[PDB]
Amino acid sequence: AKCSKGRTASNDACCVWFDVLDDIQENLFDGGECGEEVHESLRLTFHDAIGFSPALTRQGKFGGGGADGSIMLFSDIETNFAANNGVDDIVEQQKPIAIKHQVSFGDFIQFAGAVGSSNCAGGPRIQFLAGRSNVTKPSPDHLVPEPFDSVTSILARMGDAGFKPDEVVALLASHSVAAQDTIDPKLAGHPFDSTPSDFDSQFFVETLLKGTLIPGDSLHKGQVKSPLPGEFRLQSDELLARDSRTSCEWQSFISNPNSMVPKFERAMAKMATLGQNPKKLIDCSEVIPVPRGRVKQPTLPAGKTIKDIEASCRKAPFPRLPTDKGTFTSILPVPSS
């Protein structure tokens, strides 16, 4: 079918998404950037989708509708859950856009995550399906993993929702394009790796370095020491990198960087459809732009060595990586406004 700007699609109902695409690239993402709004949007995909618990359903309680737009439709309720701190911002930015184009909140949330991540260097091209209903109920509280939860707790929660340990590590490739605002607000915008606009393996490398510094005035609930100035480290990411249930897969994105995009794409297609039936939605994947950028060689930061890595996968030694020349430069906070 014929869509705007001479573009075409197999299914006429995908056409509206080219217009949403044009809007959000130009306005929300400031010209196709992989910056704050994209990072916020990719996070919102998980905070909407993970409110899905077959464990609650089996006990005769409402378990949440999954990727259903509930965080947006019932924002007054969900954004005030403890685990949802920091999301009010992007929710309040996205809402009027989805209303304006008259697309469902659940569809919009996954679409902005998929469009946005495609802007990141070396980024993924996430499957995009359309047709989720705006009729749902608010997620139960206590379904979103928090950075001070144990690995056992996180793996049990993710597993209830349908993810294997290897899938959780893959989904955490998102932290390669990510920063925090709410754990230490004085360091709002400090990223989880040295390259928050590149979808690369530096996150998996740098979370394996020994933590040596407190970046702000003190540590805070959910934070641990950082290995590099300007970086921020989450308690959960540190533990997941070293725990025998997840440590080999973590390191596998360093040993085989090419595998990060496909494993992330497959896990996100599943996440994006929690509480949905794909055979009852429509496939609008061709609207998602093709990402640009080569798979980058992972490297050790300037001034670090292999001795600084806490290798944690017993079956397989940490790969030999190049080290950046010279002295390290403090990582910039992610910009903007």
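Start at 1 with the first residue shown and count on from there.
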item: Residue stretch of maximal mean CA temperature factor, 295-303 vs 44-52; value: 295-303
item: 164-172 versus 97-105 - greater average Cα B-factor per the deposited record; value: 97-105
item: Identity of residue with top Cα B-factor, from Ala67, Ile309, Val290, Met268; value: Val290
item: Largest Cα B-factor, entry values, listed residues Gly216, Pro138, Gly211, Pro191; value: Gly216
item: Third of chain Cα B-factors occupied by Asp149; value: lowest
item: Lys225 by Cα B-factor - lowest, middle or highest third of the modelled chain; value: lowest
item: Cα B factor band for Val87 (lowest, middle or highest third within the chain); value: highest
item: B-factor third for the C-alpha atom of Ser259 within its chain; value: middle
item: Assigned third (lowest, middle, highest) for the C-alpha B factor of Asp181; value: middle
